[PDB]
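Examination of the molecular architecture
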Amino acid sequence: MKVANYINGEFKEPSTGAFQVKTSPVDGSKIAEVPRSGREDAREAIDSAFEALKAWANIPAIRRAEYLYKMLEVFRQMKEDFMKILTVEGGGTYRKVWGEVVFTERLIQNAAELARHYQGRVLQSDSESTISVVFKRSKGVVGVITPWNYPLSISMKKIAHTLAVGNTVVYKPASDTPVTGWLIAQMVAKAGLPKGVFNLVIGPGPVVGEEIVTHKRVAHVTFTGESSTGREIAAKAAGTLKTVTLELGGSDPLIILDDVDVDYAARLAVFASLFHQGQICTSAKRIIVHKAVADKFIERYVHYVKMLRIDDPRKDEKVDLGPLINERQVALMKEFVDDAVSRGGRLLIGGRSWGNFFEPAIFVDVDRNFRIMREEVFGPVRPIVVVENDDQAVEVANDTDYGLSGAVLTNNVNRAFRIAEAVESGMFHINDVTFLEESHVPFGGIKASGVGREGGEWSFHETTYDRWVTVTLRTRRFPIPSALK
Amino acid sequence: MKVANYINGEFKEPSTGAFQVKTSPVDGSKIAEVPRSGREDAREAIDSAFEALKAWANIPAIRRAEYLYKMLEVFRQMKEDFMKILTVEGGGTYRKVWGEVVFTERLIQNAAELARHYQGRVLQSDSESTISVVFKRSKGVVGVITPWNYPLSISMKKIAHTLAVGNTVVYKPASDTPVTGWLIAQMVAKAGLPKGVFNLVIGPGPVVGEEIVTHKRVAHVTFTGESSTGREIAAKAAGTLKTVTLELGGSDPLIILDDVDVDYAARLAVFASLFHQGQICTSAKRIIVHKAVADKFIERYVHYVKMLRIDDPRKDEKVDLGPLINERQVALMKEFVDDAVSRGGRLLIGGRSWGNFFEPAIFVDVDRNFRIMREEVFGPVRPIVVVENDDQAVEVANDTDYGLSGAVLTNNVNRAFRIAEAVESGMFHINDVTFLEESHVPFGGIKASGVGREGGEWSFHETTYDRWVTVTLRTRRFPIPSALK
Amino acid sequence: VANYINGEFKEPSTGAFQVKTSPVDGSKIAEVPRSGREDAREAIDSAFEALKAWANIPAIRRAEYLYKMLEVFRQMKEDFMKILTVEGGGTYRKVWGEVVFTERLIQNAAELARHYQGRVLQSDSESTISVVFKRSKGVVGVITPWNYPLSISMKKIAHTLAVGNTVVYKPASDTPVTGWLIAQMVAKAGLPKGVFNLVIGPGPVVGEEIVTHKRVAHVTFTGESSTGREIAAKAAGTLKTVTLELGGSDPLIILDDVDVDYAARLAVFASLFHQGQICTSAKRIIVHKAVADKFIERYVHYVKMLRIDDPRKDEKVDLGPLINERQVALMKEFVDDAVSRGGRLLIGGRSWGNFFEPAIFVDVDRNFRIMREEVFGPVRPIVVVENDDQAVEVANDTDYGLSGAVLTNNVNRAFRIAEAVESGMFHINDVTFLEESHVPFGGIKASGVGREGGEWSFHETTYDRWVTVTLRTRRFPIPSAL
Amino acid sequence: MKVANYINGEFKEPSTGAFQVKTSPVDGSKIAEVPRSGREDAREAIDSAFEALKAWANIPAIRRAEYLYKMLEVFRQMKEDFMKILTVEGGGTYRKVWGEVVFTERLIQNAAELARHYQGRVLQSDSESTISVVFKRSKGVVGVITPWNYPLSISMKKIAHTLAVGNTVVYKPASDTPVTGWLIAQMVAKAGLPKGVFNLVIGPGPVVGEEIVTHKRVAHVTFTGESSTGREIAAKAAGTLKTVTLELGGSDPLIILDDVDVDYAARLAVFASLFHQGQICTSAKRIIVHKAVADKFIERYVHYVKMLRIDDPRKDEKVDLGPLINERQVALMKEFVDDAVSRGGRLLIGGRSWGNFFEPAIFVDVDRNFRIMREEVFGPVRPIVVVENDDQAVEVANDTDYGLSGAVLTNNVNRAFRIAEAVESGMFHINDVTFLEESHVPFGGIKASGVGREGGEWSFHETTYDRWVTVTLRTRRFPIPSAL
Ligand SMILES: NC(=O)c1ccc[n+]([C@@H]2O[C@H](COP(=O)([O-])OP(=O)(O)OC[C@H]3O[C@@H](n4cnc5c(N)ncnc54)[C@H](OP(=O)(O)O)[C@@H]3O)[C@@H](O)[C@H]2O)c1
Ligand SMILES: NC(=O)c1ccc[n+]([C@@H]2O[C@H](COP(=O)([O-])OP(=O)(O)OC[C@H]3O[C@@H](n4cnc5c(N)ncnc54)[C@H](OP(=O)(O)O)[C@@H]3O)[C@@H](O)[C@H]2O)c1
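Residues numbered from 1 in each chain as written, not as in the entry; some residues may be left out. Chains lettered and ligands numbered in written order. Heavy atoms only, no water. Residues with missing side-chain atoms left out of burial classes, pairs and counts.

Now for the site of ligand 1. Residue and element names in this part refer to chain A. Within the structure, ligand 1 sits among 30 residues, and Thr146, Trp148, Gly205, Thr229 and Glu376 are positioned closest to it. Here an oxygen atom of ligand 1 and a side-chain polar atom of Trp148 are 2.6 Å apart. Expressed as a share of its isolated accessible area of 920 Å², the protein-covered part of ligand 1 is 88%. Where the shell around ligand 1 is concerned, the elements lending two or more residues are α7 (205-214), β10 (220-224) and α8 (227-237). Residues of the shell around ligand 1, tallied by class, amount to 14 nonpolar, ten polar and six charged. Residue contributions to the shell around ligand 1 reach at least three from each of two domains, namely domain 1 (1-249 + 439-485) and domain 2 (250-438). (Near = heavy atom within 4 Å. Polar contact = N/O pair within 3.5 Å; in protein donor to acceptor, adjacent residues only side chain to side chain. Areas by Shrake-Rupley, 256 points an atom, 1.4 Å probe, with all protein chains shown as cover. Helix = DSSP H or I, 4+ residues; strand = E, 2+ residues; numbered from the N terminus. Nonpolar A, V, L, I, M, F, W, Y, C, P; charged D, E, K, R; others polar. Domains from an automatic or database assignment.)

Structural data, given as structure tokens:
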């Protein structure tokens, strides 16, 4: 299957001539031949975006909204194609790629809905005869760099909202999910957006991504990926004084208190910690349980983990877990497991690997020095930690460099609110999963989980700037030269 | 006179023992002996602010207001001391420092007024039985790094607004204006803020400023200075994934169309372009004139420059201009004049310098390769360009790396608005000077002039983060394990 | 044509019918209900019962129904146009614009439903959480006029539904088939029973029941100011709130530094579109002495180009008839009054059937009826003034205060004049009846209270609810013996 | 001691020449001669206000803020004066009036704080080359009409906030608390406001108030009072199409679930339901408790009600309750106890009354047909209703014509929110008193409890209107005449 870049309105081959084969994580089957673009495909894309910017930003918002609704109609027609690819290229189960596609629809609609309603401000002026307002203005051409785990929805949240509010987009997907990127481009072009407004360039982050980050005609970069990558991207962005949105790692706590429906808490816990093989930035990566319910909770959780069906996600719709994205991740997960075992940890079930599939590894009796407590474990290896009181629940919760999401299960209004207040995270949920997400809410972290927020108006904040503009209606006397009446 | 750091409730001498001497830009006379602090002194300041943070952030906003209102009382009583020191250390005329002092009063008050009123949002949930809201949380320890040209007001806008909304502060004033910084510390202390909440550290930027910028326990740095400096700071800040506010340089365009009162235009142009010796970020640094009034305008502009009185800013109230801040700035103005003469620009007046003083130098017949058209000219050298039409005015206006402020002079509504939305600046003013500033408007630039906004709630946006928080009120079925209903 | 109650088209309990005839030629169009208080009471009761389920589904689900409704409207475009002309007397271009705008209104309501936000506050109390929600008011009365019965009905209806209220709708008696077509659309869109209700009856009966009923929480009204005062007074009884979009007598002010031809072309469209039957019509034209002669000359030149004919005949017809013969008689009274007081009729004034030519007057004074009253028809005065101050004085010399506009290229004159004119809406270098789907539409003085369009429609039909949570116990000041 | 009107910067006697004597609710001793004004007086004030409007509305907000900040200065100096009038004129205890006075300080500061920050909007335009903004404009002269139970704080929340955003004011206090209003005017005048910006007129509501409500040059009326009076005012206001704010009665429910600390619940309940003798719109007027703790709660509640100390509020700072505002109120309360006894209610305590003092009468075993369940009991009579579950609790809670505030005590987050969402009120409070109030939050009710919101920006919403303004920058073509 032949996949190209999308630049300035047309599908074209990389300037470098170089291609690469994308393989399925399921069985290593060849899916598509895809570009390995170089710095100049990037430059061509960026310049294409820059030229298209003036018209795009200056048409009325309602017109951009129409194009997005057009985008939404095409997408609805392309739903199966997207699912099919998210499953086979990305390793997602039916149910996983169903939710991603449903949410993506809601993401695109949301960007459209909001385009006409992003308001500036009329201000009171401290001077007489002065009108003092604030406009919203497009930043310009915006780079969009994304990960492989939820590559469709994460990309569209960035891309659609960026487009809505008058920016042009240069977009480079994760190299592990380039076909999904190509389907996006397909969708954009069947919607008929003007040449240059949206651009796809497939290639390596350190090369294509970096050129995007360091280019002078790029006003802003929005990025989702690892926290180390984020730090380098911020560093490089400083060169041209462009702004950034960094949606980085997470190691989110799921705290269970003792006044819960223990069974329910275990069902929820299993879902939050292990959906998409724990391949989720807002995954319940670290589980924190109250002593009084720990034993029953651990029995039930393991009971339910054991029931998880692992299989070729192409077989049927009821498969619970697919494989990890690549062989490298399986290796990292067996490291995480080994370190725990070696450190005197107790393995309750799983931890085997066959192919790119990894059987969920659940640990108890850990301390703060385990790799699975100090690093983001982006896969199906989870520590359970037992604590004696709420104050201890919060210390374990916050004992991380990360600060993305988090959650607490309880029926006590005070305990819920106190624990919410004390956990150091960008997002928090009382009595739900850690990876709750709506289209228009402010998604983002603190500490090492990143900087800024995305979703609806918050996405608009990121890709626009405030502009103070005034009009003075009465002439005034000026203080210099003091020799004037 | 002897000046000290203010750290953790207490005035103290540098860990390093080292003391520098601060002399007057007016005559070289010794003003005061000031610290030359080290990286050690910065860390002590930072940790103090960290330990004071929790208690300071968690009281109700109305307490924080009461302390700010308290600062306002104290500041009102010191006014003349701030005035004295701005003139004798910064070189500002009476009128200049009077204005800085009045605005600083409004700044302290604006931040106090708004503390209780910085709101979050209650959201419509896409999910049944879900409460979905967004809180405002303070960032934490905020580093405040300021320049020498308007050291009182630029500092206070940052310190007051940052404090109000629940952050703590480590402040490093410009090395050329350390006494102003110390006088601020006096104020804060006289107002009895809790120890550690506010901290002063007088020292070299590349060692004291850098420690602030790279420290772990600092969440945000708000910077005002050169753009080169900004790029540095933004890059080191990336190390700890902290956020920044960069208020960098400007080369703001003053466009004068042909339907104006030409004499008024001149009077405004002079004040805008040359006030405080043109050492103002939002100075009218590049004056752009319609050909139909160019001869008259230039005649008039030069006429009023001639009238500018340059003297000791301590002599009397009616002194138009004082010295530049040091020898280095004079040298720099000399290069600027050299280059422009070297390139065939017609020098109409000024150029004379003695000690730190400098008579304003006006040029015509320039082109876009002149250093005074490509760089920020942070002093009293000013180019005037004649253009033939509105397009041309705009093309020239946007021909710069900077995008801070800007202004157009006309009585025609279409011409004013079409020029306004065509010039690329963070701010813009119609029929007023380029450096309008009210205490609660979004102040800031685009392109190379920086990132973010400061003033009122915009200051608040910079030093807070949004936190999405939810409560789910009905239990749900989860997709895995699919076997289970 | 029938009512729509609790998900059913049904006959009026009174069994009475009345014939709708066409303003264009007097020919019968449809037999429509002539409902009474009982029919209003049933409708009200349906909406009240449907209320709790409809208010409490997520916004995204109400948005879905509206998008569904939007798709149905698109299918019915040519049906809505044909009625707006045959029933309402609108030209092709007039009804097309009404329909396009209605499309955008329906969409706007859907787009905004999910985005109507409350606030989170700083508490002056420690350990206290303090927030504000948005809640539906409940059952909402929607009472409308005949001049733009589609777009006016839908701005109210669509926006009111989106944000969780139920609706009892009552259209003007001169345009009920349009009201009925609306009921059609909602039914084909599949909204839950009771959520939307149509009752076609007389104002002082059906409308008054709606206004005075206990279970109605809010009434949104568009019509004459006298009715607005009736309605507001009767509404007081049950402490329900109202939105009153009332009459206009909008000034169009023309300064001396304008392109006079352009100014004239604009003037004709603003003052005369839909036979002047626009609340935001340029109803009083105000010109600066320095250009008054050429302006009047050009204005007249373009008015005599206007084509008044059967709006059914083709698409380039400029003007149709007035809605009925009372309106023609009243227009005669305005013209007759103006002539009697010594005013100069520049052009026009012929009538026939319900048709009525533009009548243009100059040399008038403030005592002319066409300067004191709303002239909801094609009779228009031009007033010459010597300077800006006088234009403003003349512009403000009215009980009304809906919209208004000034034509000029001088930024100061434009803005100072804007500050000074007393209206809810104002437009610089554009027509007086400027209208977008999401802007705060409404007036001051005698033109009403409140605002419709977008979030403002939501403001009208929601209330703010302050809710708190205290997380620490405290001591209390009584009994002091503790 | 003699009191005057305040019109156009001048303290003047009424046009009628007629005066009246304000006695104390506490012992009946004479307090002041106060005016009985007439329509001519209201008319003069309305005109003064009108004349004063243009200057006041046009100056920049910061200037209005400075005048307010100086009002704050004055009020701070007059604190003890306001306190002692709030007691001798209105019968508040030391603690009640202290709180009203602290809160009033806050309200005035809050008004000043916000004056410069009330923003309009910049809209996206569906047309090309169009600028589209929304301005905030002040309505004009504003009538302010207020009750007697919290005459300082309620008056001042309206007055200051209305003033802050550029309106002018014609203020008429309750005839039972006219001296408080006079002091307000004393304070305005000492702050040096432009003449006619603030006006005080003391007289009967049906004459002075009705004039304010019906006058063509009055733009808006913000009213606090009985719901019935609200209905009258709203009707009369329709004549000139002026807008109103109606802060009417309440009958708030306090719901106590069975998972609480019962003793604390009782302690809270006594404060919420009986503070200022129950003379609070947001008083906990109908108490609703779960069966599993009802016995224990009722005993405890009665225990602390019995401990209450009723006395001359002037004696000292520890008096829990003073008297009702007048003999009429005692009479009404007696009816309420009378009706409850005849309908089969069980009187657990209280009922003794001498002069204007009244001991809190507490009832159980009541039903929905009792007057004290169907009406606002603006005094110290309170029913306690036992329910079997959270459904019944909501059912009883919403069985009113009212819907001002309301509250629930419970440690269960699910029950707490479900209940709050279900109760029909303009304001709700989880685990605090029904009458929580801050300076800047939207205060107001639904149903019979009124229309609109007061407090900070919400006060500003009520006394301003939005103004859509556009600038079009490209000429365009028009559809008539089509021949072109
Ligand atoms: N906060 C959130 O919302 C969120 C959501 C999902 C996932 N995540 C995070 O995403 C991470 C896993 O994704 P990942 O393996 O794809 O992370 P990654 O290795 O950092 O890659 C992210 C993207 O950055 C590109 N990239 C790499 N180096 C670059 C450079 N020097 N300059 C510019 N771009 C560069 C990559 O392109 P290449 O393919 O060429 O490497 C990729 O498209 C996890 O840490 C997870 O927490 C965060
Ligand atoms: N956007 C605005 O609002 C605004 C307003 C006024 C001025 N400005 C700009 O400010 C500039 C003039 O002031 P300036 O010459 O003082 O600017 P600067 O040379 O860049 O230095 C300003 C501050 O940054 C500190 N600094 C220098 N190097 C640093 C480092 N590596 N790390 C941390 N801090 C460091 C300086 O310390 P030392 O003093 O010890 O070197 C000083 O406190 C001009 O560019 C002017 O346009 C901007």
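Here the narrative resumes.
With that settled, the discussion passes to the nonpolar core. Residues B:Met71, B:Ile184, B:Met187, B:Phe198, D:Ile184, D:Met187 and D:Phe198 are the most contacted members of the largest nonpolar core, which totals 107 residues. With 14 residues, helix α2 (residues 61-90) of chain B is the single largest residue contributor to this core. A:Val197, C:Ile83, C:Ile106 and C:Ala162 belong to the second-largest nonpolar core, a separate cluster that totals 103 residues. (Core = buried A, V, L, I, M, F, W, Y, C linked by side-chain atoms within 4.5 Å. Buried < 20%, exposed > 50% of the residue type's maximum accessible area, 1.4 Å probe, protein only.)

A word on the UniProt feature "binding site: NADPH" (unreviewed entry) in chain A. All names here are of chain A. When the UniProt feature table is mapped onto this chain numbering, "binding site: NADPH" (unreviewed entry) sits at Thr146, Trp148, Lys172, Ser175, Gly205, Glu210, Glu226, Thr229 and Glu232. Tracing the chain through its elements places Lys172 in strand β8 (residues 168-172). Residue contacts for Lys172: discarding those within four places in its chain leaves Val144, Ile145, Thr146, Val201, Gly203, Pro204, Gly205, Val208, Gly209 and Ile212. As for its position among the elements, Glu210 is in helix α7. The residues touching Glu210, leaving out its near neighbours within four places in the chain, are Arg39, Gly205, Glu232 and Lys236. (UniProt positions renumbered as here; feature names shortened; annotations may be inferred. Contact = heavy atoms within 4.5 Å.)

Right, let's get into the interface of chain A and chain B. Taken together, the contacts link 74 residues of chain A with 78 residues of chain B. For the side of chain A that touches chain B, the secondary-structure elements that each account for two or more residues are β5 (120-123), β6 (130-138), α8, β11 (243-247), α9 (262-274), α14 (413-422), β20 (427-430) and β22 (464-472) of chain A. The element contributing the most residues to the side of chain A that touches chain B is β22(A), with eight residues. For the side of chain A that touches chain B, a count of residues per class yields 40 nonpolar, 17 polar and 17 charged. As paired strands, β22(A) and strand β20 (residues 427-430) of chain B are joined by four bridges and run parallel to one another. (Pairing = 2+ DSSP bridges.)

Here we take up the pattern of salt bridges. Taken as a whole and assessed by the stated rule, the structure comprises 152 salt bridges over all chains. The closest approach of N and O atoms between B:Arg415 and B:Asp390, which form a salt bridge, is 3.0 Å. Of the two residues, B:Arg415 sits in helix α13 (residues 413-420) while B:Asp390 sits in helix α12 (residues 390-398), which places them 25 residues apart along the sequence. We classify B:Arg415 as buried; its relative accessible area is 18%. Linking C:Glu209 and C:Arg41 is a salt bridge whose minimum nitrogen-to-oxygen distance equals 3.3 Å. Separated by 168 residues along the polypeptide, C:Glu209 in helix α7 (residues 203-212) and C:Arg41 in helix α1 (residues 37-56) bring together distant segments of the chain. The class for C:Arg41 is partly exposed, based on a relative accessible area of 32%. Several salt bridges converge on common partners, so that one network encompasses C:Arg37, C:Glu38, C:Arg41, C:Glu208, C:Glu209, C:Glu230 and C:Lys234. (Salt bridge = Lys/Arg side-chain N within 4 Å of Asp/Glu carboxyl O.)

Residues and elements named next belong to chain B. Surveying the vicinity of ligand 2 reveals 29 residues, the closest of which are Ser175, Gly205, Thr229, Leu248 and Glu376. Here an oxygen atom of ligand 2 and a side-chain polar atom of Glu226 are 3.0 Å apart. Take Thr229: an N or O atom from its side chain is 2.6 Å from an oxygen atom of ligand 2. Burial of ligand 2 by the protein chains amounts to 87% of its free accessible area of 910 Å². Listing elements by their share of the shell around ligand 2, those giving two or more residues are α6 (205-214), β10 (220-224) and α7 (227-236). A total of four residues in the shell around ligand 2 trace back to one element, the largest contributor, which is α6. For the shell around ligand 2, the two domains that each supply at least three residues are domain 1 (1-249 + 439-485) and domain 2 (250-438).

All names here are of chain D. UniProt's entry tags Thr146, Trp148, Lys172, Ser175, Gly205, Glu226, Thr229, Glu232, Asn326, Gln329 and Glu376 with the feature "binding site: NADP(+) 2" (unreviewed entry), counted in the numbering of this structure. Considering the C-alpha atoms alone, the annotated residues occupy 231 residues of sequence and remain spread out, their largest mutual distance being 23.9 Å. Mapped onto the elements of the fold, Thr146 is located in the loop between β7 (141-145) and α4 (151-164). Excluding anything up to four places from it in sequence, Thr146 contacts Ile154, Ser155, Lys158, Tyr171, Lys172, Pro173, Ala174 and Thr224. A distance of 3.3 Å separates polar atoms of two side chains, one belonging to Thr146 and the other to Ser155. You can see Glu232 is positioned in helix α7 (residues 227-237). With relative accessibility at 40%, the residue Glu232 sits in the partly exposed group.

All names here are of chain B. In the contact formed by helix α8 (residues 262-274) and helix α9 (residues 291-306), the axes pass within 9 Å of each other and the chain directions differ by 50 degrees. Classed by the angle they form, the pair α8 and α9 counts as oblique. For the pair α8 and α9, the crossing hand works out as right-handed. Here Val262, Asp263, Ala265, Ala266, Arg267, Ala269, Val270, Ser273 and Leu274 of α8 lie close against α9, whose contacting residues are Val293, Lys296, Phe297, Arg300, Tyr301, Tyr304 and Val305. Here the residues of the contact of α8 with α9 are counted per class, giving eleven nonpolar, one polar and four charged. (Axes fitted to C-alpha atoms, helices over the stretch in contact; angles between N-to-C directions. Parallel < 35°, antiparallel > 145°, perpendicular 65-115°, else oblique. Left-handed = near helix turned anticlockwise from the far one by under 90°.)

Under the fitted operation, chain A is carried onto chain B by 0.0 Å of movement along the axis and a turn of 179 degrees, and the coordinates agree to an RMSD of 0.3 Å. In the structure described here, the two chain copies are related by an operation that fits a two-fold rotation axis. Closest to the rotation axis within chain A is the C-alpha of A:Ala235, separated from it by 2.2 Å. When the interface residues of chain A are mapped onto chain B, 99% of them again lie at the interface, so the same face is used by both copies. (Least-squares fit on C-alpha atoms.)

To continue, consider the domain arrangement of chain A. Interface extent is often summarised as the accessible area lost during association of the parts. Residue and element names in this part refer to chain A. Each assigned domain of chain A is listed with its residue range as follows: domain 1 (1-249 + 439-485) and domain 2 (250-438). Between domain 1 and domain 2, the residue contacts involve 35 residues of the former and 39 residues of the latter. Carbon and sulfur atoms make up 62% of the surface buried where domain 1 meets domain 2, a total of about 3000 Å² over both sides. Three residues, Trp148, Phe443 and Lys447, lead the burial of domain 1 against domain 2; their summed loss comes to 20% of the area buried on that side. For the interface between domain 1 and domain 2, the tally reads three salt bridges. One can count 14 residue pairs in polar contact joining domain 1 with domain 2. Mapped by element, the contributors of at least two residues to the side of domain 1 that touches domain 2 are α3 (79-90) and α4 (94-114). For the side of domain 1 that touches domain 2, the residue count by class is 13 nonpolar, 14 polar and eight charged. (Buried area = accessible area lost by both parts, 1.4 Å probe.)

Okay, the domain arrangement of chain D next. All names here are of chain D. Each assigned domain of chain D is listed with its residue range as follows: domain 1 (1-249 + 439-484) and domain 2 (250-438). Its C-alpha centre places domain 1 at a distance of 31 Å from the equivalent point of domain 2. Of the residues lining the interface, 33 residues belong to domain 1; the matching set on domain 2 comes to 39 residues. Note on domain 1 versus domain 2: buried area summed over both sides is about 3000 Å², and carbon and sulfur give 62% of it. Run the count over domain 1 and domain 2 and you get three salt bridges. Measuring nitrogen to oxygen at the nearest pair gives 3.0 Å for the salt bridge that ties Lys447 to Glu424. Inspection of the domain 1/domain 2 interface yields 13 residue pairs in polar contact. Ranked by residues supplied to the side of domain 1 that touches domain 2, first place goes to helix α3 (residues 94-114) with four residues.

Further remarks concern the pairing of strand β22 (residues 464-472) of chain B. Residue and element names in this part refer to chain B. Most of β22 is tucked away, with nine of its nine residues classed as buried. Going residue by residue along β22, you find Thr464, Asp466, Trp468, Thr470 and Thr472 tucked away on one face and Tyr465, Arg467, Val469 and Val471 tucked away on the opposite face as well. Pairing of strand β6 (residues 130-138) with β22, which is carried by nine bridges, proceeds in the antiparallel orientation. Residue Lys136 lies in a different strand from β22, and its bridge partner there is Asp466.

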